[PDB]
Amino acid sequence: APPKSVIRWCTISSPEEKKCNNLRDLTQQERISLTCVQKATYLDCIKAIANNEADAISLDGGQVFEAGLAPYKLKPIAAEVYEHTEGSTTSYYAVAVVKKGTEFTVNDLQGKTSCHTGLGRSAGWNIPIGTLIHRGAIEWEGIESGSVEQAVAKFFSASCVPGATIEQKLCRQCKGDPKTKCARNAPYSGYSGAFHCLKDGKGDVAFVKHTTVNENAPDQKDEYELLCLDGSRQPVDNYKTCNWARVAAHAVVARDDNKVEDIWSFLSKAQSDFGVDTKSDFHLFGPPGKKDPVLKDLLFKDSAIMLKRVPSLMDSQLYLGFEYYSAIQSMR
């Protein structure tokens, strides 16, 4: 086999860096070994990867979009795989979780408080906000008229939107220290952070994914329910008949160069050794379960069960698909 080499993973929080460096220690004698570099935000990681300071990061589809734009031009090389009733899938469902018995519908969201995974993320932002704009609930004639943040802050009374910087109302519901409560890696960030924002009474609704309630409250699951687009409420387990969209899996992105082979070699081996069937204490994926949300979705989502290599000919637009890609274009 070819000679040994190293890949540099870019992390977005100290818990992620710690997990990455645990994986480093466990892979140091492999042909492809690992180092870990932490940045303040995923965008710093995109920049670092485009500048050949790091090699890979897993991103939500909304950030896969950003990573593919000039001057970065990163492409997705591996997709997360989730459980499915048929076996497995490389997409997930965006849902709007509410507490059982609060009755209000999708048509009654004005003036509510809301919990989001992060600005510009699929389930947490692009899908719910784009949907509410399309329905005419959120009035927004396009970027030139004013920011999306401004329009959302006029609609919800207060929110937690990790990463929001234009509208202070979008940080009002966030938990944590002043300097970090509205950061993209804050306590209420991610699917699980947004769920805990709802659980804690800081939002009336959490814009999360189909596994989120089960990941965080498996024994209180049916104290929650879902807001359906048709105006109904349905059980958490009914997401296939009560979702806002199906969206492409989070993906590992990388430069369009030959380092992709080493990145995939490392990941292929790592998921064989540290995947759902591992003998180790270290799990590449999760595992899911009740615990503090800042421990969740580190490097990869806790709900991932494998990675599937993306064909080289797929870029970010093909990966996300033309329809969602164009939906994101219309919000910027």
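So that there is no doubt, residue numbering starts at 1 and follows the sequence shown.
On average the C-alpha atoms of 137-145 have higher B-factors than those of the other stretch, with 137-145 and 90-98 being the two compared. Relative to its counterpart among 66-74 and 289-297, 289-297 has the higher mean temperature factor, C-alpha atoms as listed in the PDB entry. When the C-alpha B-factors of 255, 116, 209, 221 are read from the PDB record, the largest value belongs to 221.
Annotation for 200, 204, 225, 103: 103 ranks highest, by Cα B-factor. Residue-level temperature factors show residue 44 in the middle third of its chain, judged at the C-alpha atom. Looking at the C-alpha B-factors along this chain, the one for residue 53 belongs to the middle third. Residue 192 sits in the lowest third of its chain by CA B factor, as recorded in the PDB entry. Compared with the other modelled residues of the chain, the Cα B-factor recorded for residue 250 ranks in the lowest third. Residue 303: CA B factor lies in the lowest third for its chain, per the PDB record.
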